[PDB]
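Asks: Next up, structure37.txt (compact mmCIF, C-alpha atoms).
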```txt
# COMPACT_ATOMS: atom_id res chain seq x y z
CA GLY A 1 5.70 13.13 -13.66
CA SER A 2 6.03 12.35 -9.97
CA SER A 3 7.68 9.91 -7.59
CA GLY A 4 5.76 6.66 -7.79
CA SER A 5 5.29 4.39 -10.78
CA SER A 6 4.67 0.70 -10.21
CA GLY A 7 1.90 -1.82 -9.69
CA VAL A 8 0.65 -5.24 -10.73
CA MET A 9 -0.90 -6.31 -14.01
CA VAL A 10 -4.25 -7.99 -13.48
CA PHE A 11 -6.93 -9.12 -15.91
CA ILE A 12 -10.11 -7.22 -15.14
CA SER A 13 -13.37 -8.68 -16.40
CA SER A 14 -17.10 -8.08 -16.18
CA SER A 15 -20.26 -9.97 -17.05
CA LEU A 16 -20.98 -6.90 -19.15
CA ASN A 17 -17.82 -7.24 -21.22
CA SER A 18 -17.39 -10.34 -23.34
CA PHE A 19 -13.66 -10.74 -22.87
CA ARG A 20 -11.31 -9.63 -20.11
CA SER A 21 -9.49 -6.31 -20.11
CA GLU A 22 -5.88 -5.40 -19.45
CA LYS A 23 -5.40 -2.81 -16.73
CA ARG A 24 -2.91 -2.11 -13.98
CA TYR A 25 -3.18 -1.16 -10.32
CA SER A 26 -0.82 -0.63 -7.41
CA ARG A 27 -0.76 -3.26 -4.69
CA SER A 28 -1.35 -0.37 -2.31
CA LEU A 29 -4.72 0.34 -3.88
CA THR A 30 -7.19 -0.50 -1.14
CA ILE A 31 -9.88 -2.91 -2.28
CA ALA A 32 -12.30 -0.05 -1.75
CA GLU A 33 -10.14 2.28 -3.82
CA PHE A 34 -9.36 -0.42 -6.36
CA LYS A 35 -13.06 -0.60 -7.13
CA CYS A 36 -13.24 3.17 -7.44
CA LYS A 37 -11.13 2.42 -10.49
CA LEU A 38 -13.20 -0.43 -11.89
CA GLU A 39 -15.97 2.13 -11.66
CA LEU A 40 -14.54 3.47 -14.90
CA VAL A 41 -13.75 0.01 -16.19
CA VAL A 42 -17.20 -1.50 -15.79
CA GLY A 43 -18.67 1.98 -15.69
CA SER A 44 -20.73 0.77 -12.76
CA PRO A 45 -20.69 1.68 -9.06
CA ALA A 46 -17.87 0.12 -7.07
CA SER A 47 -20.21 0.19 -4.10
CA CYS A 48 -22.28 -2.37 -5.95
CA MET A 49 -20.03 -4.36 -8.26
CA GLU A 50 -18.04 -7.19 -6.72
CA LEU A 51 -14.49 -8.37 -7.24
CA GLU A 52 -13.16 -11.90 -7.58
CA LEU A 53 -9.69 -13.40 -7.55
CA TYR A 54 -9.56 -16.29 -9.99
CA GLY A 55 -6.54 -18.55 -10.29
CA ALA A 56 -4.99 -19.45 -13.62
CA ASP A 57 -7.53 -21.70 -15.29
CA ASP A 58 -10.29 -19.44 -14.01
CA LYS A 59 -10.35 -20.89 -10.52
CA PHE A 60 -12.00 -18.65 -7.95
CA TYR A 61 -9.96 -18.36 -4.77
CA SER A 62 -11.16 -15.68 -2.38
CA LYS A 63 -13.33 -12.57 -2.40
CA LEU A 64 -12.04 -9.02 -2.14
CA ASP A 65 -14.53 -8.01 0.52
CA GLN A 66 -11.94 -6.54 2.85
CA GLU A 67 -11.99 -2.83 2.10
CA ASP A 68 -9.38 -2.01 4.72
CA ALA A 69 -7.11 -4.47 2.95
CA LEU A 70 -4.41 -3.66 0.43
CA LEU A 71 -4.39 -5.23 -3.01
CA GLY A 72 -1.68 -7.82 -2.50
CA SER A 73 -2.25 -9.33 0.92
CA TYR A 74 -4.45 -11.73 -1.02
CA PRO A 75 -3.32 -14.72 -3.09
CA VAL A 76 -3.07 -12.52 -6.16
CA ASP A 77 -0.25 -11.47 -8.45
CA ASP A 78 0.51 -9.71 -11.72
CA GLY A 79 -1.26 -12.12 -14.04
CA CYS A 80 -4.27 -13.12 -11.98
CA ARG A 81 -7.81 -12.36 -13.08
CA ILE A 82 -10.21 -9.88 -11.53
CA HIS A 83 -13.79 -10.72 -12.43
CA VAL A 84 -15.97 -7.70 -11.72
CA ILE A 85 -19.49 -8.79 -10.82
CA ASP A 86 -21.77 -6.12 -12.23
CA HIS A 87 -24.25 -5.75 -9.38
CA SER A 88 -25.70 -2.60 -10.90
CA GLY A 89 -27.24 -4.40 -13.85
CA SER A 90 -28.23 -1.56 -16.14
CA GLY A 91 -30.18 -2.08 -19.34
CA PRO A 92 -33.31 -0.01 -20.00
CA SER A 93 -32.49 2.89 -17.71
CA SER A 94 -29.41 5.01 -18.26
CA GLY A 95 -28.82 3.31 -21.59
```
Could I get this file's structure written as structure tokens?
Replies:
Amino acid sequence: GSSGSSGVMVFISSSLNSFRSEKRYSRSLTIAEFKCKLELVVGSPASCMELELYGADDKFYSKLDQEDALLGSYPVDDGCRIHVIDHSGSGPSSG
């Protein structure tokens, strides 16, 4: 245990995965860092994969390009959807 335990529930997705996943991340997690996480979610490189902030009825809003930004400054919230765009691809190689 340690001081610090809170974040925002977002629905992470990926063209690789059929349905969306249920993960959590602090609003202080820099976009750059945030991806570092997805790296384990999509299993792909965060330096390749892209993030997307979709509204409710899957309605893209903005892109999480800003790496020096903190997860929150954007029009997101615990319940939004984070569609991870697998830029890596993968298929024959690796797998």
Asks: Just to confirm, what's the straight-line distance from atom CA of residue A:26 to atom CA of residue A:89 in Å (one decimal)?
Replies: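 Atom CA of residue A:89 lies at a distance of 27.5 Å from atom CA of residue A:26.
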Asks: In Å, with one decimal, what is the gap from atom CA of residue A:32 to atom CA of residue A:51?
Replies: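 It comes out at 10.2 Å.
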Asks: Just the residues within 8 Å of residue A:68, please, counting all atoms listed in the file, with nothing from its chain fewer than 2 positions along; format it as an mmCIF file with C-alpha atoms, keeping the file's coordinate frame.
Replies:
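Output saved as out-v2.cif:
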```
data_model
loop_
_atom_site.group_PDB
_atom_site.id
_atom_site.type_symbol
_atom_site.label_atom_id
_atom_site.label_comp_id
_atom_site.auth_asym_id
_atom_site.auth_seq_id
_atom_site.Cartn_x
_atom_site.Cartn_y
_atom_site.Cartn_z
ATOM 1 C CA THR A 30 -7.190 -0.500 -1.140
ATOM 2 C CA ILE A 31 -9.880 -2.910 -2.280
ATOM 3 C CA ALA A 32 -12.300 -0.050 -1.750
ATOM 4 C CA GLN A 66 -11.940 -6.540 2.850
ATOM 5 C CA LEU A 70 -4.410 -3.660 0.430
#
```
Asks: Compile the contact shell of residue A:41 as a ChimeraX atom specification: residues with an atom at most 12 Å away, counting all atoms listed in the file, same-chain residues fewer than 5 positions apart removed.
Replies: /A:11-17,20-24,34-36,46,49,82-86
Asks: Check the smallest atom-to-atom distance from each of A:56, A:42, A:71, A:48 to residue A:27 using all atoms listed in the file, then report the winner.
Replies: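 Looking at the shortest contact to residue A:27, the residue is A:71.
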Asks: Quick check, in Å to one decimal: how far apart do atom CA of residue A:58 and atom CA of residue A:7 lie?
Replies: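 Separation of atom CA of residue A:58 and atom CA of residue A:7: 21.9 Å.
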Asks: With distances taken over only C-alpha atoms, which residue among A:44, A:29, A:77, A:1 lies nearest residue A:90?
Replies: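 Smallest separation from residue A:90 among the options: A:44.
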Asks: Measuring between all atoms listed in the file, which one of A:94, A:88, A:2, A:18 shows the shortest distance to residue A:50?
Replies: A:88
Asks: Under the rule that only C-alpha atoms are counted, which of A:9, A:61, A:67, A:43 is the nearest residue to residue A:79?
Replies: A:9
Asks: Find the residue from A:40, A:69, A:64, A:10 that sits nearest to residue A:28; use all atoms listed in the file when measuring.
Replies: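 Checking each candidate against residue A:28, we get A:69 as the closest.
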Asks: When you count all atoms listed in the file, which of these residues is closest to residue A:87: A:55, A:72, A:45, A:60?
Replies: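 Comparing A:55, A:72, A:45, A:60 against residue A:87, the winner is A:45.
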Asks: Since the input has fewer atoms than a full residue there, write stretch 10-30 of chain A out with N, CA, C and O atoms, as a PDB file, in the frame of the given file.
Replies:
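Output contents, as saved in selection_4.pdb:
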```pdb
ATOM      1  N   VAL A  10      -3.183  -7.039 -13.737  1.00  0.00           N
ATOM      2  CA  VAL A  10      -4.250  -7.990 -13.480  1.00  0.00           C
ATOM      3  C   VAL A  10      -5.280  -7.911 -14.609  1.00  0.00           C
ATOM      4  O   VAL A  10      -5.465  -6.856 -15.215  1.00  0.00           O
ATOM      5  N   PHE A  11      -5.923  -9.042 -14.858  1.00  0.00           N
ATOM      6  CA  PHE A  11      -6.930  -9.120 -15.910  1.00  0.00           C
ATOM      7  C   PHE A  11      -8.324  -8.835 -15.346  1.00  0.00           C
ATOM      8  O   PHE A  11      -8.926  -9.697 -14.705  1.00  0.00           O
ATOM      9  N   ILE A  12      -8.799  -7.626 -15.607  1.00  0.00           N
ATOM     10  CA  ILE A  12     -10.110  -7.220 -15.140  1.00  0.00           C
ATOM     11  C   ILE A  12     -11.174  -7.702 -16.129  1.00  0.00           C
ATOM     12  O   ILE A  12     -10.977  -7.627 -17.340  1.00  0.00           O
ATOM     13  N   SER A  13     -12.277  -8.186 -15.576  1.00  0.00           N
ATOM     14  CA  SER A  13     -13.370  -8.680 -16.400  1.00  0.00           C
ATOM     15  C   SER A  13     -14.703  -8.136 -15.874  1.00  0.00           C
ATOM     16  O   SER A  13     -14.735  -7.405 -14.886  1.00  0.00           O
ATOM     17  N   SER A  14     -15.770  -8.516 -16.562  1.00  0.00           N
ATOM     18  CA  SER A  14     -17.100  -8.080 -16.180  1.00  0.00           C
ATOM     19  C   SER A  14     -18.152  -8.785 -17.036  1.00  0.00           C
ATOM     20  O   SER A  14     -18.008  -8.873 -18.255  1.00  0.00           O
ATOM     21  N   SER A  15     -19.186  -9.273 -16.366  1.00  0.00           N
ATOM     22  CA  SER A  15     -20.260  -9.970 -17.050  1.00  0.00           C
ATOM     23  C   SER A  15     -20.769  -9.129 -18.222  1.00  0.00           C
ATOM     24  O   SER A  15     -21.336  -9.661 -19.175  1.00  0.00           O
ATOM     25  N   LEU A  16     -20.548  -7.827 -18.113  1.00  0.00           N
ATOM     26  CA  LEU A  16     -20.980  -6.900 -19.150  1.00  0.00           C
ATOM     27  C   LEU A  16     -20.088  -7.083 -20.384  1.00  0.00           C
ATOM     28  O   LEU A  16     -20.588  -7.217 -21.500  1.00  0.00           O
ATOM     29  N   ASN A  17     -18.786  -7.079 -20.141  1.00  0.00           N
ATOM     30  CA  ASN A  17     -17.820  -7.240 -21.220  1.00  0.00           C
ATOM     31  C   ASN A  17     -17.698  -8.722 -21.569  1.00  0.00           C
ATOM     32  O   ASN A  17     -17.759  -9.579 -20.688  1.00  0.00           O
ATOM     33  N   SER A  18     -17.525  -8.978 -22.856  1.00  0.00           N
ATOM     34  CA  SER A  18     -17.390 -10.340 -23.340  1.00  0.00           C
ATOM     35  C   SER A  18     -16.065 -10.940 -22.854  1.00  0.00           C
ATOM     36  O   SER A  18     -16.053 -11.952 -22.156  1.00  0.00           O
ATOM     37  N   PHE A  19     -14.983 -10.285 -23.247  1.00  0.00           N
ATOM     38  CA  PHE A  19     -13.660 -10.740 -22.870  1.00  0.00           C
ATOM     39  C   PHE A  19     -13.100  -9.897 -21.714  1.00  0.00           C
ATOM     40  O   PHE A  19     -13.704  -8.900 -21.320  1.00  0.00           O
ATOM     41  N   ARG A  20     -11.955 -10.330 -21.205  1.00  0.00           N
ATOM     42  CA  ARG A  20     -11.310  -9.630 -20.110  1.00  0.00           C
ATOM     43  C   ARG A  20     -10.499  -8.445 -20.637  1.00  0.00           C
ATOM     44  O   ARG A  20     -10.119  -8.422 -21.807  1.00  0.00           O
ATOM     45  N   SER A  21     -10.255  -7.492 -19.749  1.00  0.00           N
ATOM     46  CA  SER A  21      -9.490  -6.310 -20.110  1.00  0.00           C
ATOM     47  C   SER A  21      -8.088  -6.388 -19.516  1.00  0.00           C
ATOM     48  O   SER A  21      -7.798  -7.275 -18.715  1.00  0.00           O
ATOM     49  N   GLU A  22      -7.249  -5.450 -19.932  1.00  0.00           N
ATOM     50  CA  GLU A  22      -5.880  -5.400 -19.450  1.00  0.00           C
ATOM     51  C   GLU A  22      -5.591  -4.047 -18.804  1.00  0.00           C
ATOM     52  O   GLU A  22      -5.325  -3.068 -19.499  1.00  0.00           O
ATOM     53  N   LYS A  23      -5.652  -4.032 -17.480  1.00  0.00           N
ATOM     54  CA  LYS A  23      -5.400  -2.810 -16.730  1.00  0.00           C
ATOM     55  C   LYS A  23      -4.299  -3.069 -15.702  1.00  0.00           C
ATOM     56  O   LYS A  23      -3.811  -4.191 -15.577  1.00  0.00           O
ATOM     57  N   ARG A  24      -3.940  -2.010 -14.990  1.00  0.00           N
ATOM     58  CA  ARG A  24      -2.910  -2.110 -13.980  1.00  0.00           C
ATOM     59  C   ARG A  24      -3.305  -1.308 -12.732  1.00  0.00           C
ATOM     60  O   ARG A  24      -3.974  -0.282 -12.839  1.00  0.00           O
ATOM     61  N   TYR A  25      -2.878  -1.810 -11.583  1.00  0.00           N
ATOM     62  CA  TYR A  25      -3.180  -1.160 -10.320  1.00  0.00           C
ATOM     63  C   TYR A  25      -2.119  -1.472  -9.269  1.00  0.00           C
ATOM     64  O   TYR A  25      -1.608  -2.590  -9.214  1.00  0.00           O
ATOM     65  N   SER A  26      -1.815  -0.469  -8.459  1.00  0.00           N
ATOM     66  CA  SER A  26      -0.820  -0.630  -7.410  1.00  0.00           C
ATOM     67  C   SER A  26      -1.342  -1.581  -6.335  1.00  0.00           C
ATOM     68  O   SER A  26      -2.544  -1.635  -6.078  1.00  0.00           O
ATOM     69  N   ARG A  27      -0.413  -2.310  -5.736  1.00  0.00           N
ATOM     70  CA  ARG A  27      -0.760  -3.260  -4.690  1.00  0.00           C
ATOM     71  C   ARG A  27      -1.149  -2.522  -3.410  1.00  0.00           C
ATOM     72  O   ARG A  27      -1.546  -3.145  -2.427  1.00  0.00           O
ATOM     73  N   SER A  28      -1.018  -1.205  -3.462  1.00  0.00           N
ATOM     74  CA  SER A  28      -1.350  -0.370  -2.310  1.00  0.00           C
ATOM     75  C   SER A  28      -2.771   0.167  -2.455  1.00  0.00           C
ATOM     76  O   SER A  28      -3.288   0.808  -1.540  1.00  0.00           O
ATOM     77  N   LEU A  29      -3.366  -0.109  -3.606  1.00  0.00           N
ATOM     78  CA  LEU A  29      -4.720   0.340  -3.880  1.00  0.00           C
ATOM     79  C   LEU A  29      -5.704  -0.480  -3.042  1.00  0.00           C
ATOM     80  O   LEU A  29      -5.948  -1.648  -3.338  1.00  0.00           O
ATOM     81  N   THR A  30      -6.242   0.162  -2.015  1.00  0.00           N
ATOM     82  CA  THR A  30      -7.190  -0.500  -1.140  1.00  0.00           C
ATOM     83  C   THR A  30      -8.374  -1.043  -1.942  1.00  0.00           C
ATOM     84  O   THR A  30      -8.889  -0.367  -2.833  1.00  0.00           O
TER      85      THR A  30
END
```
